[PDB]
Amino acid sequence: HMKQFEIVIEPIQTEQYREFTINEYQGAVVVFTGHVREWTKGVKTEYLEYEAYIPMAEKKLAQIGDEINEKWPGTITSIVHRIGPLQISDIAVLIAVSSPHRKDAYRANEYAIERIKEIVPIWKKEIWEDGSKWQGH
Amino acid sequence: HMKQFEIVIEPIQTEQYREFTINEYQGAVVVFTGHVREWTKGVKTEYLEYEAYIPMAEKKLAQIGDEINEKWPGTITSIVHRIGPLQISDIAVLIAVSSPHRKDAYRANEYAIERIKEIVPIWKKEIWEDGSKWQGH
Amino acid sequence: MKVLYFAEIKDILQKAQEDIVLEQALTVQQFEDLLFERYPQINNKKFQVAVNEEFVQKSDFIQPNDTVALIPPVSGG
Amino acid sequence: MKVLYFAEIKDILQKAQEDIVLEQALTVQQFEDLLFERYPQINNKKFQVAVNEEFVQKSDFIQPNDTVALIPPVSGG
């Protein structure tokens with residue numbers, strides 16, 4: 001069951017978020033995916049564990065949608081973040097923004113990812129060979 | 001058969017372009033899709049017909065890839081444009097850019113769409129009730 | 001009152017939730033005083049508090065049947 | 001020499017390609033003179049010329065076995 005703003009545990013299925021945002025007035029869709037990287041530290045990252053306070057996280061993703069609507073009217077936004085264990089190159093987050101014209105779709109999308117990092121109650125833990133650490137910010 | 005830079009006639013299958021650009025060093029992918037809009041004129045748009053000088057168009061898309069590599073090293077780019085008849089909301093163009101960090105992926109992607117409109121030999125014809133017109137620029 | 005724990009605090013307390021029966025409203029400051037008394041091992045941890053899925057301040061009130069969550073510094077995206 | 005037509009020019013000429021046998025190299029200007037002589041109905045149309053899939057100028061040369069394409073103002077993306 002897909003919602004406009006949601007937290008999922010299964011791998012993100014990307015096409016449905018673009019499809020949600022599309023209609024006959026929209027000429028541009030920008031879809032950002034954030035992926036788990038390897039080699040950000042000296043010790044290899046085995047995988048990440050994400051957690052969320054899901055109902056508050058979904059309410060804060062919708063808030064960002066509402067902020068976007070206020071700043072770039074005409075856009076449509078859909079956002080998902082995945083939780084649980086994520087492997088290297090798994091999509092952790094996806095943001096889809098549609099717009100009649102491209103510039104607002106790019107701007108709104110980049111705004112969204114910034115806000116997610118600021119306000120949404122989601123946390124990552126990095127796991128490596130004989131260790132793990134919750135990340136902050 | 002998928003190429004990094006290609007012209008297709010079948011509907012664009014989006015997931016393969018993101019997948020082409022992903023590897024363990026990339027933490028961001030930006031995928032732009034350009035879609036056929038309705039109601040840009042007073043008379044309803046029935047559909048569009050796109051044409052391309054395909055081998056030159058594919059060479060010019062690769063050129064843009066090379067330009068992107070020169071300006072934003074670390075990015076990986078894949079581009080497809082569709083030709084033939086396109087219906088309302090069909091994807092006409094897709095650009096996928098991966099990067100270790102998001103900012104270059106957004107910048108490079110927006111650069112790509114600008115260049116496609118500038119240099120790539122592809123043309124659209126708008127078709128409406130009792131008329132049609134090749135578009136310029 | 002239901003109390004929800006996340007991320008490092010969850011790991012430290014070895015529990016994701018607990019119930020604290022309340023007879024009356026409690027200040028957010030009072031809630032933190034109680035929490036740090038019970039669990040001195042988190043008393044230097046940084047977090048915001050949410051009550052019924054909204055961020056609150058230390059001067060706000062918690063009602064007996066509220067859900068209260070400790071929100072450490074976020075790291076999504 | 002193979003000549004390729006696209007978009008409105010293609011529509012006007014009612015053909016997508018043609019062969020013009022050449023015994024010797026031709027200037028791009030000469031090619032355009034010939035084209036406009038044959039097809040006065042395109043003589044006010046704007047286009048670039050590509051030879052073997054590269055944009056050329058009017059002072060360039062076309063070899064007998066080249067592929068030449070008329071590229072009207074582009075409208076992709």
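All heavy atoms count here, side chains included; hydrogens, waters and symmetry mates do not. Residue numbers begin at 1 in each chain, while the letters A, B, ... track the order of the sequences.
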| If only atom types and distance count, is the side chain of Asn109(A) paired as donor or acceptor with the main-chain N or O of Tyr106(A) below 3.5 Å? | no
| field | Any donor-acceptor N or O pair under 3.5 Å, side chains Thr33(B), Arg18(A) | value | yes
| Any idea how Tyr53(A) and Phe6(C) line up, ring-wise: parallel (<30°), tilted (30 to 60°), or perpendicular (>60°)? | tilted
| remark: All heavy atoms of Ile71(C) vs all of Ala50(C), minimum pair found to be CG1-CB, 4.3 Å
| request: Return yes if a side-chain donor-acceptor contact under 3.5 Å exists between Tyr17(B) and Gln4(B), otherwise no. | output: no
| said: For a salt bridge (charged side-chain N to carboxylate O under 4.0 Å, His left out) check, start with the C-alpha distance between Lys45(C) and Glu8(C), then their side-chain angles and the critical distance, and finish with the verdict. | reply: CA-CA 9 Å; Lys45(C) 296 294 166 185; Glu8(C) 187 185 11; 3.1 Å; yes
| Interatomic distance, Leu86(A) atom CG to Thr45(A) atom OG1 [nearest 0.5 angstrom] | 12.5 Å
| query | Rounded to the nearest 0.5 Å, how far does NE2 of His35(B) lie from CG of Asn23(A)? | reply | 10.5 Å
| said: If I compare all heavy atoms of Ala57(A) with all of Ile122(A), which pair ends up nearest, and what's the gap? | reply: CB-CG1, 4.3 Å
| message | Could you measure the distance from the CZ atom of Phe32(B) to the CD1 atom of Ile113(B)? Nearest 0.5 Å is fine. | response | 4.5 Å
| message | Please determine whether side chain to side chain contact (heavy atoms under 4.5 Å, CB included) holds for the pair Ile62(C) and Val28(C), giving the CA-CA distance in whole Å, both sets of side-chain angles, and the decisive distance to 0.1 Å. | response | CA-CA 6 Å; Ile62(C) 298 168; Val28(C) 177; 3.9 Å; yes
| message | Measuring only between side-chain heavy atoms, which start at C-beta, is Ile20(C) closer than 4.5 Å to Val3(C)? | response | yes
| message | I'd like to know whether CD of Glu37(C) has more than 12 heavy-atom contacts from other residues, nucleotides or ligands below 6.0 angstrom. | response | no
| said: Rounded to the nearest 0.5 Å, what separates atom OG1 in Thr21(A) from atom CD1 in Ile95(A)? | reply: 12.5 Å
| note | d(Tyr25(A) OH, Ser98(A) OG) to nearest 0.5 Å is 13.5 Å
| More than 12 non-hydrogen atoms from neighbouring residues, nucleotides or ligands closer than 6.0 Å to OH on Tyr39(C), yes or no? | yes
| task | May I ask you to check whether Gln17(D) and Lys2(D) show a side-chain donor-acceptor distance below 3.5 Å? | result | yes
| Looking only at atom types and distance, does a side-chain atom of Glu32(C) sit under 3.5 Å from a main-chain N or O of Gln29(C), one as donor and one as acceptor? | no
| message | Tell me whether the count of non-hydrogen atoms from other residues, nucleotides or ligands lying under 6.0 Å of OH in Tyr47(B) goes above 12. | response | no
| query | Would you call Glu126(B) and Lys41(B) a salt bridge, using N to O less than 4.0 angstrom? | reply | yes
| For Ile116(A) and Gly76(C), which heavy atoms make the closest approach, and how far apart are they? | CG2-C, 4.4 Å
| Should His137(A) and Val74(C) be marked as a side chain to side chain contact (heavy atoms under 4.5 Å, CB included) after you check the CA-CA gap, both sets of side-chain angles, and the distance that decides it? | CA-CA 6 Å; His137(A) 238 44; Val74(C) 302; over 6 Å; no
| Are any of the side-chain heavy atoms of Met1(C) and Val68(C) separated by less than 4.5 Å? | yes
| message | For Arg82(A) versus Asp90(A), what's the shortest heavy-atom pair and its separation? | response | NH1-OD2, 3.1 Å
| said: Salt bridge or not between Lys44(B) and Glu24(A)? Use side-chain N to carboxylate O under 4.0 Å. | reply: no
| remark: On a heavy-atom basis, the closest approach of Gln135(B) and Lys133(B) is OE1-O, 2.9 Å
| said: Could you check whether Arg102(A) pairs with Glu110(B) (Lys NZ or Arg NE/NH1/NH2 to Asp/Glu carboxylate O, under 4.0 Å)? | reply: no
| query | Around atom CD of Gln24(C), are there more than 12 heavy atoms of other residues, nucleotides or ligands at under 6.0 Å? | reply | no
| query | Is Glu129(A) atom CD crowded by more than 12 heavy atoms from other residues, nucleotides or ligands, each under 6.0 Å away? | reply | no
| message | For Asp11(D) versus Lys125(B), what's the shortest heavy-atom pair and its separation? | response | OD2-NZ, 2.9 Å
| field | Sub-4.5 Å side-chain heavy-atom contact between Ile76(B) and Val97(B) | value | no
| task | State plainly whether the residues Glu51(B) and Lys10(D) are in salt-bridge range, i.e. N to O under 4.0 Å. | result | yes
| Ion pair present between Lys60(B) and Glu67(B), side-chain N to carboxylate O less than 4.0 angstrom? | no
| message | To the nearest 0.5 Å, what is the distance between CD on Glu19(A) and OG on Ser89(B)? | response | 11.0 Å
| said: A quick test of your reading: do over 12 heavy atoms of other residues, nucleotides or ligands sit less than 6.0 Å from CD of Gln14(D)? | reply: no
